[PDB]
Amino acid sequence: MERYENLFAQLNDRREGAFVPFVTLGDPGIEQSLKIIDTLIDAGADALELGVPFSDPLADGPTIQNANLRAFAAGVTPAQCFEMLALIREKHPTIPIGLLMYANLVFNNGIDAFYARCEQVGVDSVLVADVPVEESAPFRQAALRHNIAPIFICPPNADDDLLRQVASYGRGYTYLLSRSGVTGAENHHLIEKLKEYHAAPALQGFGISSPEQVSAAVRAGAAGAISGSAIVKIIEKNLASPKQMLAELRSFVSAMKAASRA
Amino acid sequence: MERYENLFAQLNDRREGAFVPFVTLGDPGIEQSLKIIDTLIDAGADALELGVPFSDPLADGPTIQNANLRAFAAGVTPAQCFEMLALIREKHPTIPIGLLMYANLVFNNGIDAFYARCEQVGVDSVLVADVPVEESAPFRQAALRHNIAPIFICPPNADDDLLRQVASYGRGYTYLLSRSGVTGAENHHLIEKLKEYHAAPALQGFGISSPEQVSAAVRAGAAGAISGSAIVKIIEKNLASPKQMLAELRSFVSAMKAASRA
Amino acid sequence: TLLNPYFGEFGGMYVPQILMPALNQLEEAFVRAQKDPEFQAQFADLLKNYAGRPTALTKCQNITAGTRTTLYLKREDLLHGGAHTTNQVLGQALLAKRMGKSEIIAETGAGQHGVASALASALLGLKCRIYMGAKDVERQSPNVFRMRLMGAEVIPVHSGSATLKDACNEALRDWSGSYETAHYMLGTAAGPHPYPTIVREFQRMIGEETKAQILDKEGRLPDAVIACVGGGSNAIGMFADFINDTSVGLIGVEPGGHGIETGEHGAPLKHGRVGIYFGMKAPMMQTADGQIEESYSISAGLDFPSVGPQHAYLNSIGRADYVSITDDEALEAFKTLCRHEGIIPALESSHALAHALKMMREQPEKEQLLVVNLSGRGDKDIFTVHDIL
Amino acid sequence: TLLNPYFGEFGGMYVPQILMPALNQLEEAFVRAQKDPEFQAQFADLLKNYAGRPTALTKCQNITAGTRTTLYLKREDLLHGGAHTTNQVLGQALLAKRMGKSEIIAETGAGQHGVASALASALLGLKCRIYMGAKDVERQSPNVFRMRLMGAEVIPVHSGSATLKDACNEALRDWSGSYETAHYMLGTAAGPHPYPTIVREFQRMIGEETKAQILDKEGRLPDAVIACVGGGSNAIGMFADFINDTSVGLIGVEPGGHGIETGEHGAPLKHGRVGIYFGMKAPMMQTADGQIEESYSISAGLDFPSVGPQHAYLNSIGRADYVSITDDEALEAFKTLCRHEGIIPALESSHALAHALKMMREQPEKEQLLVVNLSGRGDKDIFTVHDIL
Ligand SMILES: Cc1ncc(COP(=O)(O)O)c(CN[C@@H](CO)C(=O)O)c1O
Ligand SMILES: Cc1ncc(COP(=O)(O)O)c(CN[C@@H](CO)C(=O)O)c1O
Ligand SMILES: O=P(O)(O)OC[C@@H](O)CO
Ligand SMILES: O=P(O)(O)OC[C@@H](O)CO
Ligand code: NA
Ligand code: NA
């Protein structure tokens with residue numbers, strides 16, 4: 001809950017947009033995943049979007065799908081995800097970490113029991129990819145009772161009552177979609199209305215891979231950009247030279263974050 | 001017509017049964033077919049049953065079917081059959097020759113026109129394998145006008161009116177069936199009734215290969231036995247040694263004819 | 003005989019003498035059955051409740067676009083088994099049983115009569131042997147596996163062209179030998195009387211239903227009914243109730259094969275001469291010497307060098323007209339029914355269809371109500387039509 | 003929403019937010035259509051005159067011998083296309099058109115919904131993409147060729163088990179991206195509301211016809227109606243009109259695969275726990291960690307690790323009972339329907355059948371009137387069942 005308010009106040013303060021990386025927890029093995037996450041923070045990461053690997057990624061394109069399979073082959077479970085989440089909170093206590101989830105993994109152990117384990121480990125927000133606003137009530141009441149921000153998606157085709165509901169129930173940031181589709185590295195009235203309704207900071211989402219999209223987003227009114235596949239593609243690409251991987255990752259993040267001045 | 005009366009009078013005379021071989025005209029080539037026919041007459045043949053090769057032998061088992069194909073490969077037509085029929089009548093003017101036919105070949109050139117070519121060449125009888133008694137009228141009126149004996153089959157399942165019709169319309173000999181089926185080399195009230203009705207000499211037909219069947223037949227009341235496949239099988243068997251073929255054929259016929267004393 | 007075996011000069015009983023009482027037994031059986039109300043009643047029950055009848059009459063939505071032609075199809079493809087074949091076979095198995103018989107011999111070319119002969123033998127409990135030519139066994143194999151799983155035996159005839167002629171031959175050769183125990187379930191309205199009359203009577207529901215149906219939908223009778231002709235059963239099942247309504251033309255479609263002019267076709271009735279084979283006097287394809295000729299068609303159920311006698315007669319007096327369709331024209335009408343109407347027809351029925359399209363697209367402003375007998379489905383054909391790429 | 007999305011705790015709309023207005027558009031479209039007399043009228047015309055309906059209710063002559071069981075079958079195998087599948091798809095393509103849509107995405111496992119999606123798109127003129135798992139593409143290939151000849155595109159999903167789950171996934175992934183132009187023609191009474199209600203309503207003619215038919219033949223309602231359950235459509239089409247007649251039990255049959263105890267099966271509703279996937283809250287087969295599990299069945303149309311929600315609810319309140327059948331028990335009922343009744347059933351429908359035989363032969367003196375929904379034909383299956391030798 002608060003680490004976001006913190007970040008958005010200090011960012012508004014030094015007048016810049018936010019830069020939030022995405023990585024799947026455990027790809028391409030736990031040991032190198034933790035180092036990728038430290039190098040991402042090192043190079044420029046304002047907050048973190050993290051994935052817990054699901055079997056059936058309903059809203060994900062192929063880079064993330066293969067990432068999930070690399071994780072699964074490395075033997076990563078939901079429990080290894082929570083135990084590595086506490087080790088990186090143990091050394092980076094400022095950074096907002098948000099979890100991007102699928103509903104079966106939240107629901108599995110008891111919904112409320114999920115939120116409690118998040119709280120316990122140091123997690124700030126939970127985005128459940130497949131629970132629409134009209135189904136959120138069990139999930140949003142249980143994250144509020146455990147002081148985890150409920151993140152909701154605002155789609156390009158959103159209407160009056162939906163922007164109102166997302167503004168009321170959301171916290172942390174409003175996940176603002178770029179396009180229709182599933183997560184892939186390829187190809194204003196809403197931001198205005200969201201602010202009119204007092205919806206928390208619009209971070210823009212699918213398909214940013216280019217720095218000029220970041221600048222563009224911030225310039226448009228988006229409090230930052232989220233980039234996912236773009237980053238995972240460098241993990242995939244450099245799986246054979248870990249050194250060069252961490253090195254190319256660094257470079258990518260600092261450039262991407264540099265683009266956030268506006 | 002008469003060569004039969006002749007044969008049956010002289011056979012009744014010297015008290016013996018008749019022995020009628022079968023061969024397909026032209027198998028396994030015209031030249032060797034004519035020599036087989038002379039050797040058959042040589043060895044003991046009382047009369048001759050000859051086949052003109054048809055494409056679709058409806059009442060024939062495999063020996064005769066393959067015989068037909070050997071003939072067809074030797075290039076034998078209905079015209080080559082008639083021209084070889086006159087060459088063997090030209091040197092054996094006593095012997096009754098009967099033609100065993102299928103209706104399409106009779107019907108093709110005009111039914112009456114067929115009978116005339118038979119007469120012209122020296123043929124005694126025509127057996128049409130697929131025209132039952134109730135369909136015979138065109139065929140039996142045209143063979144009578146050209147003095148060719150109409151041969152009819154008497155089947156094991158023949159009744160009152162059928163033995164009457166076969167007795168009335170038939171001439172030459174009554175073809176008496178041994179069994180149901182098609183021509184293959186494998187496995194009294196009727197003879198009595200036929201004679202009561204005054205049907206010409208019952209020659210017994212399908213499946214004789216053994217001399218004791220000949221003796222048996224004659225003893226039963228049959229004026230002779232017809233053997234077909236049995237003979238063709240020796241043509242098939244010895245196609246490679248023509249000498250030994252003519253030699254094994256001879257032997258077969260004399261034995262078969264020896265069996266006719268009764 | 004109690005019934006006439008000739009349709010003008012065509013017809014007859016050109017069999018070996020030994021099979022004649024058997025044909026005579028059957029004609030009696032047929033006449034008895036047709037008056038037996040208890041026979042009629044259960045022929046009906048199995049047609050309705052087991053085969054799935056009345057079959058539907060479908061109006062074509064898309065293939066007639068920009069033409070004044072309305073085109074209905076009669077859907078024998080929706081009949082249990084997948085073809086018109088099944089209606090006749092149920093009556094005939096019932097006749098076989100009425101006569102205390104217990105084996106069934108049949109011959110098959112497209113495999114559809116084989117399959118229908120196995121399904122009725124399994125239902126009514128009769129043992130069943132089927133002859134099928136070795137080339138049709140390959141090009142029609144879906145229908146082979148279907149026969150064997152129902153417990154029928156299919157025997158591969160390799161002689162001759164290894165096609166229906168060659169299966170008819172081995173089928174008659176075995177029945178002469180087996181006629182005591184075994185009935186011969188003949189494939190079409192072809193061969194020896196009484197089979198031309200029995201197959202028609204056991205297939206005339208096809209047209210009695212179309213006449214009723216069209217009159218309900220259109221208030222008038224068709225301008226023409228079209229059907230393909232290999233031996234003649236679906237065509238005569240369709241034509242039969244229409245024959246006294248002189249206003250309704252009747253067209254029959256023979257395989258043009260590779261084109262009449264190549265020799266490679268199966269069009270006896272319009273490009274052969276009268277002959278005597280398979281128990282009848284009917285138009286036939288033969289050499290100059292009277293040797294029967296091998297036919298050709300892309301479709302196994304139409305690959306047959308003679309035609310049943312009543313078709314030969316309706317042609318002669320000018321009450322029905324017969325036309326042909328090439329392999330290529332039948333493939334074109336298959337591709338078009340699939341893609342614009344979502345019905346895969348059998349390549350046999352496509353010859354009838356391809357003529358109706360030719361009728362439509364040659365005179366597009368002609369106002370004409372047509373009906374095509376869609377006699378079967380194209381499931382047996384999909385592997386073959388798809389290696390024509 | 004205008005209609006309830008929950009069958010007790012089961013159901014819901016567990017989608018990505020972006021697809022929600024689309025689901026909402028559809029529910030409105032459905033409610034409008036159901037009251038539109040002009041919609042009802044042409045849904046009817048195409049069910050009757052194009053699909054071929056009423057389907058028949060066949061009494062079994064031979065398989066019940068020496069038992070007090072009467073067994074009727076409902077013949078959805080005689081439906082244009084070869085399966086129950088076709089009734090729903092016609093209503094849904096009509097809904098797609100009413101809503102100005104022009105592409106159709108669908109997913110297929112047995113290939114039968116794919117084929118039915120291609121035949122209605124070709125008839126009503128809609129372009130059509132189909133996802134199908136790479137293992138089902140092999141073991142169900144007759145249905146593949148049939149789809150492509152009708153001009154549909156089938157796309158081979160190699161991910162995961164390469165089976166229906168994996169096709170559902172790629173199908174929803176594309177519709178999120180395409181929902182503007184494209185409708186998603188969902189395979190069963192499963193997934194997101196309104197699909198559980200639409201598929202049932204567009205399949206309840208199955209049971210409305212059986213109830214009428216049995217009452218005419220027997221003067222009384224069945225003792226039990228049996229149907230197999232992969233996602234749930236034929237079963238609910240069958241059960242739906244019977245639910246308020248408490249005297250009629252309703253049994254549903256899930257794939258027992260290699261045997262429940264091996265892990266290799268597809269029996270969610272009776273051997274899985276409630277989960278959330280594919281837009282619903284329904285029983286599911288999953289690991290201890292909530293990762294969805296791969297199922298198994300010999301039959302591609304039943305190889306699916308969840309079950310539609312209304313089945314989950316009718317089980318829970320105890321109004322329907324669910325049972326399983328092994329691969330081997332379904333092969334045995336296939337072999338027996340072929341050989342003693344001359345009907346090749348689909349391996350899917352054989353699981354329902356094999357339970358009815360088990361009911362009969364376990365208590366042979368029990369007087370019981372049963373009805374099995376013979377949902378499809380076994381034509382897609384004959385090559386596969388025949389390499390099990
Ligand atoms: C769908 C379909 N429609 C028509 C025919 C042609 O025969 P018909 O002329 O008798 O009506 C066939 C042939 N049916 C026969 C002969 O080959 C069989 O044994 O399979 C067919 O399969
Ligand atoms: C004949 C038959 N009967 C039943 C079913 C099972 O589905 P149901 O549970 O929905 O009724 C199937 C599956 N049909 C779907 C799913 O795999 C298809 O895409 O082909 C079937 O093919
Ligand atoms: O569309 P991408 O490729 O930037 O990836 C989306 C994910 O970060 C998750 O929100
Ligand atoms: O049965 P077969 O074998 O003696 O042959 C019959 C022929 O001779 C012709 O009548
Ligand atoms: Na023909
Ligand atoms: Na299932």
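Chains as they are written, first to last, in PDB author numbering: chain A, 1 to 187, 194 to 268; chain A', 1 to 187, 194 to 268; chain B, 3 to 391; chain B', 3 to 391. A prime marks a further copy of an entry chain. A virtual CB, placed ideally from N, CA and C, is assigned to each residue, including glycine.
1) Counting along the chain, where does the beta strand (DSSP E) carrying A':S125 start and finish?
2) Within the continuous beta strand (DSSP E) that includes A:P21, where are the two ends?
3) Give, in chain order, every unbroken run of the alpha helix (DSSP H) that is at least 4 residues long and sits entirely within the stretch 33 to 75 of chain B'.
4) Say the cut is 7 Å; is the CB of B:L304 nearer than that to a heavy atom of ligand 1?
5) Could you name the residues of the stretch 251 to 285 of chain B' whose beta carbon sits closer than 7 Å to any beta carbon of chain A, in the order they occur along the chain?
6) So who's on the other strand from A:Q219, going by DSSP bridges?
7) Residues in the same chain with beta-carbon distance under 7 Å from B':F45, minus the five sequence neighbours each way, listed in chain order, please.
8) Going by the DSSP bridge assignment, what does B':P307 pair with across the sheet?
9) According to DSSP, is B:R379 part of a helix, a strand, or is it coil?
10) Return yes when at least one heavy atom of ligand 1 lies under 7 Å from the C-beta of B:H86, else no.
11) How close, in whole Å, do the beta carbons of B':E367 and B':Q63 come, if the pair is a contact with beta carbons under 8 Å?
12) Let me check understanding here. Comparing Cα to Cα, which of A':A208, A':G98, A':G184 lies closest to A':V128?
13) Which one or two residues does DSSP pair with B:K129 in a beta bridge?
14) Which residues does DSSP list as the beta-bridge partners of A':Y203?
15) In terms of residue numbering, what span does the alpha helix (DSSP H) encompassing A:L209 cover?
16) Using a beta-carbon distance cut-off of less than 9 Å, what residues from the stretch 100 to 127 of chain A approach chain B'?
17) Can you give me the C-alpha to C-alpha distance between A':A9 and A':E218, rounded to a whole angstrom?
18) Please decide whether B:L48 counts as near chain A', where near means a Cβ-Cβ distance under 8 Å.
19) Taking 8 Å as the CB-CB limit, is B':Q94 close to chain A?
20) Got a sec: is the Cβ-Cβ distance from B:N51 to anything in chain B' below 8 Å?
21) Kindly confirm or deny that the stretch 183 to 201 of chain B' and the stretch 75 to 90 of chain A touch, where touching means at least three C-beta pairs closer than 8 Å.
22) Could you tell me the distance, in whole angstroms, from the CA atom of A:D56 to the CA atom of B:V255?
23) Tell me which same chain residues have a C-beta within less than 6 Å of the C-beta of A:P96, skipping the five on either side of it?
24) Residues of chain B' with CB closer than 8 Å to the CB of B:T60, please, in chain order.
25) Under three-state DSSP, which class holds B:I327?
26) Going by DSSP, what residue range makes up the alpha helix (DSSP H) through B':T88?
27) Does at least one heavy atom of ligand 4 sit under 7 Å from the Cβ of A':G211?
28) So, is the C-beta of B':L174 closer than 8 Å to a C-beta in chain A?
29) Please report the distance separating the alpha-carbon of B:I216 from that of B:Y52.
30) Does at least one heavy atom of ligand 3 sit under 7 Å from the Cβ of residue 188 of chain A?
31) At a cut-off of 7 Å, is B':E350 close to ligand 2 when judged by its beta-carbon and the heavy atoms of the ligand?
32) Start and end of the alpha helix (DSSP H) containing A:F82?
33) Would you check if the distance between the CB atom of B':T3 and the CB atom of B':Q370 is smaller than 8 Å?
34) Under 7 Å from any heavy atom of ligand 4, does the C-beta of A':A185 make it?
35) Contact check, B:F244 vs B:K213 under 8 Å by CB: the rounded distance?
36) Under the three-state reduction of DSSP, which class applies to B':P144: helix, strand or coil?
Let me lay it out:
1) Run containing A':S125: 125 to 128, per the beta strand (DSSP E) assignment.
2) Per DSSP, A:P21 belongs to the beta strand (DSSP E) from 18 to 24.
3) Secondary structure within the stretch 33 to 75 of chain B': the alpha helix (DSSP H) runs of 4 or more consecutive residues, fully enclosed, are 39 to 48 (chain order).
4) Yes - ligand 1 has a heavy atom lying nearer than 7 Å to the Cβ of B:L304.
5) Residues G277, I278, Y279.
6) DSSP output for A:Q219 lists no bridge partner at all.
7) Cβ within range, chain order: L92, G93, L96.
8) Partner(s): none; B':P307 has no beta bridge.
9) Three-state DSSP puts B:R379 in a strand.
10) Yes, Cβ of B:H86 sits closer than 7 Å to a heavy atom of ligand 1.
11) About 20 Å separates the CB atoms of B':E367 and B':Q63; that is not less than 8 Å, and the two are not in contact.
12) Closest by alpha carbon: A':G98.
13) Answer by DSSP bridge pairing, in chain order: B:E105.
14) Looking at the DSSP assignment, A':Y203 forms no beta bridge with any residue, so it has no partner.
15) Counting along the chain, A:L209 falls outside any alpha helix (DSSP H), though it belongs to the beta strand (DSSP E) covering 208 to 210.
16) Correct list: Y102, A103, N104, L105, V106, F107, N108, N109.
17) Looking at the backbone, the Cα of A':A9 and that of A':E218 are separated by about 24 Å.
18) Contact of B:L48 with chain A' is not assigned, every C-beta pair being separated by 8 Å or more.
19) Chain A, which has no Cβ nearer than 8 Å to the Cβ of B':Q94, makes this no.
20) Under the 8 Å criterion on CB atoms, B:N51 is classed as interfacial with respect to chain B'.
21) Because the criterion of three Cβ pairs below 8 Å is not met, the stretch 183 to 201 of chain B' and the stretch 75 to 90 of chain A do not touch.
22) When rounded, the distance between both Cα atoms is 55 Å.
23) Closer than 6 Å at the Cβ level, and outside the excluded window around A:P96, lie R3, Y4, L7, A47, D124.
24) Residues of chain B' with a Cβ closer than 8 Å to the Cβ of B:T60 are, in chain order, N51, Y52.
25) Three-state result, B:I327: strand.
26) Counting along the chain, B':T88 sits inside the alpha helix (DSSP H) bounded by residues 88 to 100.
27) Because some heavy atom of ligand 4 lies under 7 Å away, the Cβ of A':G211 counts as near it: yes.
28) Answer yes: the Cβ-Cβ gap between B':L174 and chain A drops below 8 Å somewhere.
29) The C-alpha of B:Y52 is placed about 24 Å away from the C-alpha of B:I216.
30) The model of chain A omits the segment between 187 and 194, and residue 188 of chain A is among the residues lacking coordinates.
31) B':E350: yes, Cβ under 7 Å from ligand 2.
32) Note, A:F82: alpha helix (DSSP H), 78 to 89.
33) B':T3 is not a Cβ neighbour of B':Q370, given a cutoff of 8 Å.
34) Yes - ligand 4 has a heavy atom lying nearer than 7 Å to the Cβ of A':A185.
35) Right, their Cβ atoms sit about 7 Å apart.
36) It is helical.
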